[PDB]
Q: 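Take this structure, written in structure tokens, and hold onto it; I'll ask about it next.
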There are 2 protein chains.
Amino acid sequence: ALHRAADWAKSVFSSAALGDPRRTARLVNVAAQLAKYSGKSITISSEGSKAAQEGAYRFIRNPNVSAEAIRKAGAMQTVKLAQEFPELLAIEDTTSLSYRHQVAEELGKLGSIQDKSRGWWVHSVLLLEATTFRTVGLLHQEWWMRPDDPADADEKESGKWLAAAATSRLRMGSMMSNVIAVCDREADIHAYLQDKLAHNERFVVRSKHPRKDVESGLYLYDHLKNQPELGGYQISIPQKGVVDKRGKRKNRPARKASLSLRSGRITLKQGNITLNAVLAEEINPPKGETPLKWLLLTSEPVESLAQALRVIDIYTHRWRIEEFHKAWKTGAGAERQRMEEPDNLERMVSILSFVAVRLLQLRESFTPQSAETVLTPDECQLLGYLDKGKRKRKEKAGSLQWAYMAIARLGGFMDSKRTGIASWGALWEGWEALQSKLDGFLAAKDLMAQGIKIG
Amino acid sequence: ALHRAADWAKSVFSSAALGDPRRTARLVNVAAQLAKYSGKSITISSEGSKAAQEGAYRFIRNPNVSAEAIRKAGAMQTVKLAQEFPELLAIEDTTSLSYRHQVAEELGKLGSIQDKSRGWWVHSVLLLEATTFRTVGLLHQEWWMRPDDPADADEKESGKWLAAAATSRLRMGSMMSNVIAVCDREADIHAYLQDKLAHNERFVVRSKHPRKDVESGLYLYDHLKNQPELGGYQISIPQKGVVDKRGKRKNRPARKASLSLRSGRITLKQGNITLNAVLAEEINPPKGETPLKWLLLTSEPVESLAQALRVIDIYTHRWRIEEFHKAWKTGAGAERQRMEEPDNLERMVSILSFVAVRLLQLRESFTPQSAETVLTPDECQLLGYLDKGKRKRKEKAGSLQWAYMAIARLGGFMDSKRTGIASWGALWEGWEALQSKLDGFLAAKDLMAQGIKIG
DNA sequence: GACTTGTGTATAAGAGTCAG
DNA sequence: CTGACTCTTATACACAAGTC
DNA sequence: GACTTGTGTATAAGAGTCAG
DNA sequence: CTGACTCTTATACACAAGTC
Ligand SMILES: [Mg+2]
Ligand SMILES: [Mg+2]
Ligand SMILES: [Mn+2]
Ligand SMILES: [Mn+2]
């Protein structure tokens with residue numbers, strides 16, 4: 001009702017095994033305040049409390065605080081929630097956290113050896129429920145700093161995927177069985193496939209490298225090309241401006257893409273490992289843009305067309321992780337931090353990752369009931385007042401649908417492409433507004449409740 | 001009361017000679033909404049009105065709209081206000097407006113010929129009342145695009161200073177007499193001095209180039225060095241982190257600087273032009289940092305120590321223009337714009353310059369009475385509620401002083417250096433907050449005024 | 001039980017940014 | 001160009017709250 | 001007076017950003 | 001890497017409001 005950020009924070013970080021209750025408690029607080037003011041400074045998040053501000057700073061630079069522990073705590077929570085769903089998607093990818101202030105020096109390599117920007121590489125596992133594909137939470141994160149000299153690396157970077165699974169398993173436990181891992185072409189690694197199968201784990205992986213199907217003695221593509229057409233499907237590709245490494249700008253006009261779909265069993269040369277596969281390829285593609293084509297490898301069934309489309313769907317949700325990445329930087333301000341020591345920075349940013357998720361969830365919580373499912377009478381009331389005269393017939397006077405647009409519109413949303421879809425950032429903006437105005441709504445209340453003249 | 005941004009905009013742009021009342025009217029509106037949401041997008045400034053949004057866009061890309069005219073309009077206003085003061089300072093400097101999106105191509109050179117960032121050079125005159133040094137307004141702006149090939153320039157860039165004066169004069173008219181021009185070492189131009197004197201205009205200019213004093217046959221410095229010590233003064237130099245062109249970071253610790261002061265009449269070689277001068281030089285400077293030293297040239301009296309300190313003071317206010325520059329970019333979002341054509345962009349940014357000023361004024365309006373001088377009972381009321389328990393004894397319960405900190409604190413302000421001074425951006429943030437919450441304060445009012453249950 | 005550790009409150013300053 | 005701040009880190013006191 | 005021009009409302013899309 | 005949007009610019013209708 002009155003205290004979400006706070007509730008949220010407790011939910012997520014209540015189990016932090018910090019080595020002192022005080023810590024865990026601070027954590028929740030910090031988390032809370034940060035969340036409340038997603039994207040803003042510790043300072044601003046402190047609402048003027050010096051005590052808070054000092055608490056927060058102290059926390060992140062607290063040498064007894066383990067970021068791992070922090071991350072683990074929030075993850076645990078993910079597991080917990082996961083308990084409620086029968087099929088889960090475990091998205092997995094790597095991103096970077098880049099800094100160029102003094103501390104960057106103490107950080108890892110990201111580009112060239114003389115590159116001023118440095119920091120961490122973080123491989124994450126983001127969980128979704130496979131039914132409506134909503135975001136459940138972070139399940140894992142492996143942060144690391146890349147040595148300037150590759151010979152200085154103890155383990156190949158490529159073992160992350162494997163590192164991830166193991167942690168997943170450990171963490172999910174018996175629930176692993178309901179988890180499907182989704183990864184981009186970079187995970188096209190034999191050892192990887194192999195390891196998953198070994199464990200009887202499920203997955204969807206995009207194919208990067210040509211491989212042979214022992215059975216047919218052909219390359220996956222070629223073999224799949226020969227399979228019968230299960231059907232196909234179509235996608236709307238949206239307009240956009242594009243840029244290249246050289247900075248050449250061009251228009252990528254919208255279009256409708258038609259894809260052929262085929263699937264089959266295959267056996268890879270190496271472990272002589274058998275698995276299913278799917279191939280979606282665009283038909284009569286436009287001479288300009290590049291042909292859409294996905295070849296995926298999975299544990300999942302691919303026989304009929306429904307099955308194979310399920311597969312396509314699953315993978316299509318991989319992008320959610322890219323949204324998470326951006327939600328953590330641009331959104332939560334991961335890269336906007338300027339802590340002066342690697343550990344302080346890491347501790348801070350680790351908390352920000354949970355905020356990133358939340359931001360994502362926020363919209364989901366407004367996506368397809370009556371508004372008061374979600375909102376409170378006063379907010380609901382205010383919202384209504386604020387939205388006075390902007391509602392469209394389409395939106396039931398007072399539904400959850402209404403709510404979302406209303407908040408979106410408070411957010412600045414104007415449906416420029418008329419898709420009716422608002423970015424998570426717009427929604428966050430609207431929510432923020434709503435809660436800000438509410439303050440005054442409730443201020444007044446309190447006054448006139450204690451019998452006081454407004455004017 | 002209820003509509004400042006709007007009032008403000010009318011004040012400033014009501015005379016725009018746009019060639020159609022509709023235009024001027026749009027202008028005011030646009031201005032208004034932008035101001036209301038200083039720093040934010042047209043879109044967000046549109047509060048959901050499509051009509052507004054479209055009005056705004058249309059305006060800035062309106063080929064019948066003259067930016068000059070826009071700028072002139074707002075300036076006129078400055079003149080008007082200037083009427084109320086006996087001594088004015090006319091700050092003058094050049095800045096750049098830098099873009100790197102497609103349009104940049106159609107823009108001017110700013111750095112190297114292969115530099116992706118391009119745009120305009122803008123030389124401005126910013127007026128202040130010389131009594132409390134508050135900001136009055138923009139008096140002039142000369143925008144221009146620098147050719148890749150210098151031989152392609154019709155007029156030296158250096159004639160700006162002269163271009164400025166002429167426009168000032170024209171504009172100030174008979175009031176020029178009460179105007180003192182303040183400029184950095186770059187205006188150390190003979191023709192410049194000469195032109196001012198020719199007109200009997202007053203000024204304060206920092207000396208860049210060594211020159212001879214005919215009378216003494218010595219260099220200004222040397223001659224001044226020989227003058228008797230009028231006294232001196234001291235300045236508190238604040239701590240700060242510093243960076244160089246190479247990116248080497250260092251700490252510039254705080255310190256108290258002691259300056260010797262001397263003044264005198266001189267006559268420059270060239271027009272055999274006589275004028276006064278002042279020399280402030282730091283005594284027993286710290287081996288590290290560089291010695292503070294200013295040699296200034298003026299029309300003003302410099303004989304006694306009071307007179308010369310007045311001079312120092314005047315020049316010390318030159319920095320206000322640097323604040324204005326930043327208020328226009330970072331603040332108002334000048335460089336955040338992404339109009340796709342030079343004129344659209346210029347029209348937009350021209351309006352933003354007035355917003356920049358306002359931002360500056362905002363704090364001034366809270367600087368050293370009772371709060372309700374400035375605020376309204378409801379805001380005043382809300383503010384109070386919001387500030388409940390943060391006020392310090394120092395601040396009278398309910399004064400203008402109180403108001404400023406209260407708003408500053410809403411702004412995120414925490415007095416990290418305990419100077420008690422809040423940036424203009426913090427204050428803007430607090431004001432924005434206040435007005436945002438007010439909305440809800442007043443929402444509720446309206447409800448319960450029409451007899452309606454809040455909850 | 002003996003020995004740290006966090007809080008809230010104060011005071012101070014190094015580090016970083018965007019403006020020169 | 002004689003800046004003007006915010007964000008980050010730090011320390012002390014008197015007590016509170018934790019750990020081993 | 002005859003001939004443009006802005007508004008508000010609709011529909012469409014190119015341009016730009018940060019994430020790959 | 002099979003994106004997901006926002007900011008900017010554009011056009012039409014039916015009228016309103018301006019200019020020469
Ligand atoms: Mg360090
Ligand atoms: Mg162009
Ligand atoms: Mn300057
Ligand atoms: Mn990625």
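Order of the sequence lines fixes the chain letters, A, B, ..., with proteins taken first and strands second; residue numbering starts at 1 for each chain.
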Q: Heavy atoms only, 4.0 Å cut-off, all strands: where does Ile421(A) land among base, sugar-phosphate and nothing?
A: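 Since only primed, P, OP1 and OP2 atoms lie under 4.0 Å of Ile421(A), the category is sugar-phosphate.
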Q: Considering just the side-chain nitrogens and oxygens of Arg26(A), establish if one lies under 4.0 Å of OP1 or OP2 belonging to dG6(C).
A: no
Q: Between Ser416(B) and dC7(D), is there a contact of a side-chain N or O with OP1 or OP2 at under 4.0 Å?
A: no
Q: Is the phosphate of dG6(E) approached by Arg23(B) (side-chain N or O, under 4.0 Å from OP1 or OP2)?
A: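 Checking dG6(E) against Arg23(B), a side-chain N or O does come within under 4.0 Å of OP1 or OP2.
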Q: For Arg363(A), report the nucleic acid contact type (base, sugar-phosphate, nothing); a contact means any heavy atom under 4.0 Å.
A: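 Result for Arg363(A) = sugar-phosphate.
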Q: Answer with base, sugar-phosphate or nothing: what part of the nucleic acid does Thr95(A) contact at a heavy-atom distance below 4.0 Å?
A: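 If one applies the 4.0 Å heavy-atom cut-off, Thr95(A) turns out to touch the sugar-phosphate alone, with no base involved.
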Q: For nucleotides 16-20 of chain F, list the nitrogen or oxygen atoms of the protein found under 3.5 Å from its nitrogen or oxygen atoms, one pair per line.
A:
from: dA17(F); atom 1: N3; to: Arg22(B); atom 2: NH1; distance (Å): 3.1
from: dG18(F); atom 1: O4'; to: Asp20(B); atom 2: OD2; distance (Å): 3.4
from: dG18(F); atom 1: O4'; to: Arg22(B); atom 2: NE; distance (Å): 3.4
from: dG18(F); atom 1: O4'; to: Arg22(B); atom 2: NH2; distance (Å): 3.0

Q: Looking at the paired bases, is it major-groove or minor-groove atoms that lie within less than 5.0 Å of the side chain of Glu54(B)?
A: major
Q: For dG6(C) and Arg58(A) - does any side-chain N or O of the residue sit under 4.0 Å from the phosphate oxygens OP1/OP2?
A: no
Q: Below 4.0 angstrom from OP1 or OP2 of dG16(C), is there any side-chain N or O of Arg249(B)?
A: yes
Q: Closer than 4.0 Å, any side-chain N/O of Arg61(A) to the OP1 or OP2 of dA10(D)?
A: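 Yes.
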Q: Major or minor groove for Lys50(B)? Base it on side-chain heavy atoms under 5.0 Å from the groove-edge atoms, please.
A: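 It is the major groove that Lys50(B) contacts, since a side-chain heavy atom sits under 5.0 Å from a groove-edge base atom.
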Q: Kindly say if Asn62(A) contacts the phosphate of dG6(C), meaning a side-chain N or O under 4.0 Å from OP1 or OP2.
A: yes
Q: Can a side chain N or O of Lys329(B) be found less than 4.0 Å away from OP1 or OP2 on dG20(C)?
A: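 Yes, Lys329(B) has a side-chain N/O under 4.0 Å of OP1/OP2 on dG20(C).
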Q: Is the phosphate of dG3(D), meaning OP1 or OP2, less than 4.0 Å from a side-chain N or O of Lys240(B)?
A: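 The answer is yes; a side-chain N or O of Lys240(B) sits under 4.0 Å from OP1 or OP2.
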Q: Taking only N and O in the side chain of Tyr57(A), is any of them less than 4.0 Å away from OP1 or OP2 of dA10(D)?
A: no
Q: Dot-bracket for DNA chain D, please, read 5' to 3', with Watson-Crick or G-U wobble pairs under 3.5 Å on both distances, ( ) within the strand, [ ] crossing, | other strand, . unpaired.
A: ..||||||||||||||||||
